[PDB]
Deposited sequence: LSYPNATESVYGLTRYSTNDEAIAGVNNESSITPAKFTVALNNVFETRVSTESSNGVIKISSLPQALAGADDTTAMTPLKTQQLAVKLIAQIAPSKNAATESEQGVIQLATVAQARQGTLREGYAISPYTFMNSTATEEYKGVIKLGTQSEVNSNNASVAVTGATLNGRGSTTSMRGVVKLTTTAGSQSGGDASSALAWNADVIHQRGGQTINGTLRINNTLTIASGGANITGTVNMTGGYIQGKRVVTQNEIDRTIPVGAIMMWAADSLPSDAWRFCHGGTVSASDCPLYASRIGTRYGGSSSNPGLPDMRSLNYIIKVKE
């Protein structure tokens, strides 16, 4: 057999079926299935969102220095509120003192309490000690009740000069003689002119002014004897 004309043919072996180049034999069903098996089978807007008027946020604690400087941003604490003591130049917190002229527990930021021991303008109070006033005292009504001695440079009552003891002798001097209408004398400033003596120590002005003019001695100067009665002024 050939491609061209008919004739005899044998069957291919298994080896020929697999090695499919032999052109001189024919393929049986059994070697279609042999031959197939070589082919078929092979943190900024946190910290920048600050506290303000308008909006809430975050806040730095003021140092004392910042608190005292009136810093409009920082926070005031218990400690820096306490630490900002009032002074004469800076608004601040104070302790009260009820004793004028004393600080309260050594604190310079002490102010006088409502009930401090001051004298006020309404009256009815007591100063428990002395007082000095450097110019005129005017008492507008009700006078003065004074325990102890008043010393004054001058004195007038309703425009009339007050009399003092040194003036007594000018009005009626020791040594004056008058008469007397009664039986007894009410004071020893005067004595009867019935002779006898007075004591120079009892009557020092009589002794100096009159001496022994009427007898007696220097210690016991004599009185005039003028015997109504006469009387003589012997002492102040």
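Taken in order along the deposited sequence, the stretches absent from the coordinates are 1-5, 48-127, 313.
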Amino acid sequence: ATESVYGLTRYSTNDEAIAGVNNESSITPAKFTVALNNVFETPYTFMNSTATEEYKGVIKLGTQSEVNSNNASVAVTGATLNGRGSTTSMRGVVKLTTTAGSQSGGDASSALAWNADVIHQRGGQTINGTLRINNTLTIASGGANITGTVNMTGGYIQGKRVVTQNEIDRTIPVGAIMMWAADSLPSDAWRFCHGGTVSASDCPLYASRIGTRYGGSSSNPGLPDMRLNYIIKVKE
From here on, numbers count along this sequence of modelled residues.
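Stretches compared: 88-96, 111-119. Higher mean C-alpha B-factor in the entry: 88-96. Set 125-133 against 100-108 and average the Cα temperature factors; 100-108 ends up higher. Out of 200, 59, 189, 210, the entry records its largest CA B-factor for 59.
Take 21, 223, 226, 228 and read off each C-alpha B-factor from the entry; 21 has the highest.
For residue 168, the recorded CA B-factor ranks within the middle third of the chain. Only modelled residues enter the ranking. Ranked by C-alpha B-factor against the other modelled residues of its chain, residue 29 falls in the highest third. Sort the chain's modelled residues by C-alpha temperature factor and residue 195 lands in the middle third, per the entry.
Per-chain ranking of the deposited C-alpha B factor places residue 39 in the highest third.
In the deposited entry, the Cα temperature factor of residue 182 places it in the middle third of its chain's modelled residues.
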